[PDB]
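Coordinate analysis (summary)
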Amino acid sequence: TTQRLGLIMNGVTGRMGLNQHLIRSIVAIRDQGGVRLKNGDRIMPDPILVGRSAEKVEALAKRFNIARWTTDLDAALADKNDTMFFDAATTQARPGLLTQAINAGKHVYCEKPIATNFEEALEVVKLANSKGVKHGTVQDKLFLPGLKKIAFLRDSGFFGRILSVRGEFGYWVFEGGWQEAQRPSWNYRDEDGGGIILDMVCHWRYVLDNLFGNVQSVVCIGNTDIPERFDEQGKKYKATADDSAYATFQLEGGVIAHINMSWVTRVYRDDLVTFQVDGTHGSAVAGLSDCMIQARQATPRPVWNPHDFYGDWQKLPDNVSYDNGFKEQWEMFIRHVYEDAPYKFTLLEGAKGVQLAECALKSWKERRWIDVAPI
Amino acid sequence: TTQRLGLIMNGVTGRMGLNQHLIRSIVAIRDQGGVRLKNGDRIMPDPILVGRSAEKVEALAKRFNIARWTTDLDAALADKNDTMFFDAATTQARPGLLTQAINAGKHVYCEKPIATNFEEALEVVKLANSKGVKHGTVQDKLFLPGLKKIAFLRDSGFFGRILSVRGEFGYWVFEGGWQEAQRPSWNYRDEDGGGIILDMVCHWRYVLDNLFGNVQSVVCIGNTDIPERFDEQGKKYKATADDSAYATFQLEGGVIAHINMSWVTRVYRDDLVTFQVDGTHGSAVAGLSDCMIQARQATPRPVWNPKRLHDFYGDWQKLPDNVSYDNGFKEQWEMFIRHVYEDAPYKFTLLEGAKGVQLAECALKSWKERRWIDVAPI
Amino acid sequence: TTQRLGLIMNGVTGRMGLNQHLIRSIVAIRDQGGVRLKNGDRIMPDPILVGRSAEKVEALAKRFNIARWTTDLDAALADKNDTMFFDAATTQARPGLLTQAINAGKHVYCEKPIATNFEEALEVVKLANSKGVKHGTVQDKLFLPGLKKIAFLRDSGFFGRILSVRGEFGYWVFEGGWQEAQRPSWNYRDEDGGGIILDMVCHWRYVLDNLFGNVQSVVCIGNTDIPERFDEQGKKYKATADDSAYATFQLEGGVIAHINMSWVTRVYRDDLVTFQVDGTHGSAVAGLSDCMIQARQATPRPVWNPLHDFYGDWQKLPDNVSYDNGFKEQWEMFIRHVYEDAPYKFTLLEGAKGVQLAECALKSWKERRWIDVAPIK
């Protein structure tokens, strides 16, 4: 009729750990009355919070009326009444902590990426599999209504045979001189783990794999478009990270995909990300929220002469309510743990993202295509 | 390059034969320099006009400087220098006129319908086959850009599998009291061949057969909605024809089609006629010139609930104009003219006109006898 | 000033039962402090919710501040304290339960169809009459603002002589493969009572009779456009009911009515149902909520000729009253009928007429002909 689930949460109070997982997922599932099951009964999550410094992570507990928080990680790690672990903090610190929770015997859940390098990521998977714990990693973009729509177009046969994918990602992140940068500055320093390739190509791994087909090889060149940016404190620094990159992918089954990604581009399109899918029987252009289709019978017949082409397309109706994507995946992992509901998004998948990003960086460095060794 | 086509056209004095067949078809073709063939050659029609009264036929011959005319149809048929016959005059004298032209070895083209009854019509199709001449009848609706697009959709697999067809035909024809009727009054008199069933069901035969699958049966009820109407002279008369009719068709391949047709209905739709086609994978709604589509992926998900306004029309997309659309009467002419001169493939033979009469008569019968009526294969 | 009406409610839980009857009718009536009688009294409903599962009925009773609930319909029907019975569940069970309620001495109110069977419906009517209890069936389409407007157009002579009626009903009911069906799966199985003809032709009997004239005869043909669909549990099942249908009706006074109806059509019109009425002096096109009109004087003059906006030639009727929930309104009408002899057309006999036309329609399909609607002796 009603059960209890212990859940320790590291790195909450991001940025977006706070927003997406804390506010929009845990507190959300809390209020609604808990996670559904198979035979009607419900799972109530009992969180216990963990941050960095207790003078800023203080009120959150009763700010949403939960239970416990400590500054020392080992405190919540120890408990056996807490049977699960979540983390949304720093990249380098993550695998070490996953290990500690895996050792501690906790089911695991975390943000992207799971590690800095493939070796580290792969070993974490092996720890989790060996122990026999359940594991999961966030694959949020899949749950964007826009991409949810692409899937529906795929499943329902709209494209006929999918042919090509065009991805256009990003917006102009301000350099910090006249207007404050919208994104944290570590993202623009190579030595602090910054880099649009290892940041985004991590996502495109699962977007491509899941929507259109398994990635087999990539060619990618990055660049540092802007040499100097300004700190969160207004201090200039040498920007060493790739802030733009241009990748082409070959997918299993014959589909080719190209994604331009950049923090240094201005937006003349439907959204901050765009995916165009050209199929033999129609095409789609998806954004974060909406998705436009053009069946082949609606395709106009222009000719070269040295007309609103957008009007030739139609917007998909919203036929379901779209839940927050983070929450939906939180509910799927919980079903996996307590119900043996099948789960695609284990830490293996995180590892694939980091593998792909490394393939990309290697393709840059060696000026050639790079094949994605199966795991 | 320039060959000659000796064509005798009969009903070109009247309203459609003048405007559609002479003007917009033949005169247009002449002014183009003729009908282009696959081999590059052009077939030139040198027409000779008939139409009963001499003082009004040469004036008609003068407007488009046609050099040939008579009032003597029988000698016009005897003249073997002319090889093709066209009729746009009365339906009652048509089958006999067709019979005369066929016997005399003429190729034969004619307006709708081919005859006043199916038995007479079938005789002529057989006669024309017996002699080995090329024969054709007008099927204008099939050339509506709207229905052209329906065909495109069908051919390209848009519908997936076609399921149902809804036709909504007509508009309010003024009774004559305060406004001039749009339409000749013979249409509202049964005793003068008037009647919407045998006027329109004739069309529906081919629209249905060609877009959707062959008609196997028809249940139909007509009615006379307006008892009294006024002449082209403003003279009162009693309406005896049916001016409304509701018909349901069972089609080959398991499709059902229904068509409402009326001269006594006000228009709340895209056009003077409308065909909705529902398939597994998408639907379409076509009028005279335009066609809207809703692929199944774009179908919304409304739920029965008596608040916020929603625009259903907005879930549809207007098909683009990817081709030039020519006058449909002109196109079929050129089509028939190529069938005669270069063996071009041409479906629209008098056999098709007989099918039309077969259906109207079937519909009238189902009305008379309160039941479904199966369309016997010829 | 206050009087307590003990009412057992059976069919609630289902989407339409819960929303229209429980919430929007009874609970609303409760919340206004009961149905206001002619002298000044207010009749308070004290409901008892009935369902085959105790967990799903106790919660529902709770969240609407109710008090009473059970799974034992049989005990609820023999109470004697509760004076009226309402059913909105299965049509297969409806006459049986109706018959208990009647023989237990209770007043009866119910959703349609009242039975699966014309003869079965007729015995139920005859019985309730023998017992002198009050009885009614739901006839909701008539309470649609769209159709209330059409009635006003008739009553006030807008049409002159009505000549014909074109009805368009339906929308695409998702097959379940990639999108979830809007409607319960039973509707698509003949063996479980499904079929658009016997579902909607019931509504059409009262719609046409009241608005336009008595149905004298029908010709109708059904079909099953989609051979397979999916359960509420994602289970593939073989679809055996008619899901589309096309009926022409001859009505008294020389009026012909045609109605297309389908769960497999897409929507290119003003609403999920549309009624055009063509009359001598004007025409109207109604949806659920709105009604457009074109007086004869406003009729334009197109001629046939292979851009004009015909929709623009109509005028949208103003809303001159507030329209309440149609279900709520009939409930109040039934309650007044029960408690102060109010005029009430909407007895089970009307429901029986509804089942008769459905049967006439299916017969018409089966025997391929027009079927006259016999009088009820």
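Residues numbered from 1 in each chain as written, not as in the entry; some residues may be left out. Chains lettered and ligands numbered in written order. Part of a larger assembly, values for the part shown. Heavy atoms only, no water. Residues with missing side-chain atoms left out of burial classes, pairs and counts.

Per the deposited record, determination of this structure is attributed to X-ray crystallography, with the resolution reported as 2.6000 Å.

A few words now on the interface of chain C and chain B. Opposite the 71 residues of chain C that make contact, chain B presents 70 residues. For the pairing of chain C and chain B, the buried interface totals around 6700 Å² over both sides, and the portion due to carbon and sulfur atoms is 57%. Sorting the residues of chain C by area buried against chain B places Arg 266, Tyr 268 and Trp 304 of chain C first, and these three jointly supply 15% of that buried surface. The partner of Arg 368 of chain C in a salt bridge is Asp 374 of chain B, and the shortest N-O contact between them spans 2.6 Å. At the junction of chain C with chain B, the criterion picks out 34 residue pairs in polar contact. For the side of chain C that touches chain B, the elements supplying multiple residues, two or more each, are helix 1 (15-31), strand 8 (162-170), strand 9 (215-223), strand 12 (244-251), strand 13 (255-262), strand 14 (273-279), strand 15 (282-286) and strand 16 (291-295) of chain C. A per-class count over the side of chain C that touches chain B returns 31 nonpolar, 21 polar and 19 charged. (Contact = heavy atoms within 4.5 Å. Buried area = accessible area lost by both parts, 1.4 Å probe. Salt bridge = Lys/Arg side-chain N within 4 Å of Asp/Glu carboxyl O. Polar contact = N/O pair within 3.5 Å; in protein donor to acceptor, adjacent residues only side chain to side chain. Helix = DSSP H or I, 4+ residues; strand = E, 2+ residues; numbered from the N terminus. Nonpolar A, V, L, I, M, F, W, Y, C, P; charged D, E, K, R; others polar.)

Below, the discussion takes up the sheet that holds strand 16 of chain C. All names here are of chain C. Taken together, the 9 strands give an open sheet; going across it, the order is 17-16-15-14-8-13-12-9-18, and neighbouring strands pair in mixed fashion. The open sheet has two free edges, formed respectively by strand 17 (315-316) and strand 18 (371-372), since each of these has just one partner strand. Sitting on the sheet, helix 6 (residues 145-155) touches strand 14, strand 15 and strand 16, and the angle it makes with strand 16 is about 25°. Against the sheet, helix 9 (residues 348-367) contacts strand 9, strand 12 and strand 18, and its axis sits at roughly 55° relative to strand 9. (Pairing = 2+ DSSP bridges. Axes fitted to C-alpha atoms, helices over the stretch in contact; angles between N-to-C directions.)

The next point concerns the side chain of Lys 141 of chain B. Secondary-structure assignment places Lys 141 of chain B in the loop between strand 7 (135-137) and helix 6 (145-156). Leave out the neighbours within four places in its chain, and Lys 141 of chain B touches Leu 147, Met 200, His 203, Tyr 206 and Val 207 of chain B together with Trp 304 of chain C.

So, about unusual backbone geometry. Residue and element names in this part refer to chain A. A cis amide bond links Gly 14 with the next residue in sequence, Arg 15, at an omega value of -20°. As for its position among the elements, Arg 15 is in the loop between strand 1 (2-10) and helix 1 (16-32). With an omega dihedral of -20°, the bond running from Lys 112 to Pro 113 counts as a cis peptide bond. Looking at the element boundaries, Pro 113 is found in the loop between strand 5 (107-110) and helix 5 (118-131).

Residue and element names in this part refer to chain A. Taken in spatial order, the 6 strands make up an open sheet running 3-2-1-4-5-6, and their pairing is parallel. Where the open sheet ends on each side, the last strands, each with one partner, are strand 3 (68-70) and strand 6 (135-137). In this sheet, neighbouring strand axes are inclined to one another by 20° on average, regardless of whether the strands run parallel or antiparallel. Direction of pairing for strand 4 (residues 84-87) relative to strand 5: parallel, over a ladder of 4 bridges. Considered in strand 5, the bridge of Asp 87 is made with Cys 110. Here helix 8 (residues 325-339) sits on the sheet in contact with strand 1, strand 2 (42-50), strand 4, strand 5 and strand 6, set at roughly 170° to strand 5.

Moving on to the domain arrangement of chain B. All names here are of chain B. As far as domains go, chain B holds domain 1 (1-139) and domain 2 (140-378). Look at where the C-alpha atoms of domain 1 and domain 2 centre, and you get two points 27 Å apart. Contacts between the two partners involve 46 residues from domain 1 and, on the opposite side, 31 residues from domain 2. Across the domain 1/domain 2 interface, buried area totals approximately 3400 Å², and carbon plus sulfur atoms make up 70% of it. Here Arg 36 and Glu 334 are joined by a salt bridge, their closest N and O atoms 3.5 Å apart. (Domains from an automatic or database assignment.)

Under the local residue numbering, the UniProt record ascribes the feature "domain: GFO/IDH/MocA-like oxidoreductase" (unreviewed entry) to residues 153-284 of chain B. Taken end to end, residues 153-284 of chain B has its terminal C-alpha atoms 8 Å apart, with 15% of it in helix and 38% in strand. (UniProt positions renumbered as here; feature names shortened; annotations may be inferred.)

Turning our attention to the packing of aromatic side chains. Going through the model one piece at a time under the given rule, you end up with 44 aromatic pairs over all chains. Judged by centre distance (4.8 Å) and plane angle (65°), the ring pair of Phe 86 of chain A and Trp 330 of chain A falls under edge-to-face. Residue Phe 86 of chain A is classed as buried on the basis of its relative accessible area of 0%. On the basis of relative accessibility, which here comes to 0%, the residue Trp 330 of chain A falls in the buried class. By the ring-pair criterion, three or more aromatic residues cluster together here, those being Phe 86, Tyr 109, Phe 143, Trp 330, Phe 333, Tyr 343 and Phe 345 of chain A. A cation over a ring is seen here: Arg 229 of chain B above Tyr 188 of chain B, with NZ or CZ 4.2 Å from the ring centre. Above the face of the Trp 172 of chain B ring, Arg 266 of chain B is positioned so that its terminal group lies 3.7 Å from the ring centre. (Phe/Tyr/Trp six-rings, centres within 6.5 Å; stacked < 30°, edge-to-face > 60°. Buried < 20%, exposed > 50% of the residue type's maximum accessible area, 1.4 Å probe, protein only. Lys NZ or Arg CZ within 6 Å of the ring centre and 35° of its normal.)

In this fold, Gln 297 of chain A is placed in the loop between strand 15 (291-295) and strand 16 (314-315). By relative accessible area, which is 6% here, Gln 297 of chain A ends up buried. For the pair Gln 297 of chain A and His 281 of chain A, spaced 16 residues apart in sequence, the C-alpha separation works out to 8.4 Å. Ignoring sequence-local partners within four residues, the contact set of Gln 297 of chain A consists of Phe 152, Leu 153, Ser 156, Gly 157, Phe 158, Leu 319 and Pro 320 of chain B.

Next up on the list: the packing of helix 6 of chain C against helix 7 (residues 196-211) of chain C. Residues and elements named next belong to chain C. Closest axis-to-axis distance for the helix 6/helix 7 pair is 10 Å, and the angle between their directions is 25°. Between helix 6 and helix 7, the angle falls in the class roughly parallel. When helix 6 is examined against helix 7, the residues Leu 147, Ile 150, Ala 151 and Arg 154 are found in contact with a partner set consisting of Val 207, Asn 210 and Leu 211. Here the contact of helix 6 with helix 7 is built from residues that sort into 5 nonpolar, 1 polar and 1 charged. (Parallel < 35°, antiparallel > 145°, perpendicular 65-115°, else oblique.)

We now examine the pattern of salt bridges. Under the definition given, this model contains 67 salt bridges over all chains. Two residues, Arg 189 of chain A and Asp 192 of chain A, come together in a salt bridge whose shortest N-O distance is 2.7 Å. Classification of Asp 192 of chain A by relative accessible area gives partly exposed; the value is 32%. For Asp 192 of chain B, the salt bridge identified is with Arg 189 of chain B, shortest N-O distance 3.1 Å.

This part is about the nonpolar core. It is characteristic of soluble globular proteins that their nonpolar side chains tend to be buried jointly. Core analysis: the largest hydrophobic core is formed by 94 residues, its most contacted members being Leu 22, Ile 150, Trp 204, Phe 212, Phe 249, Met 261 and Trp 333 of chain B. Formed jointly, this core draws a minimum of three residues from each of two domains, domain 1 (1-139) and domain 2 (140-378) of chain B. When near neighbours in sequence (up to four residues on either side) are disregarded, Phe 249 of chain B contacts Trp 204, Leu 208, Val 215, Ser 217, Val 218, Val 255, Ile 256, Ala 257, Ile 259, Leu 359 and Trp 372 of chain B. Grouped together as the second largest cluster of nonpolar side chains are 92 residues, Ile 162, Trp 172, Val 173 and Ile 293 of chain C included. (Core = buried A, V, L, I, M, F, W, Y, C linked by side-chain atoms within 4.5 Å.)

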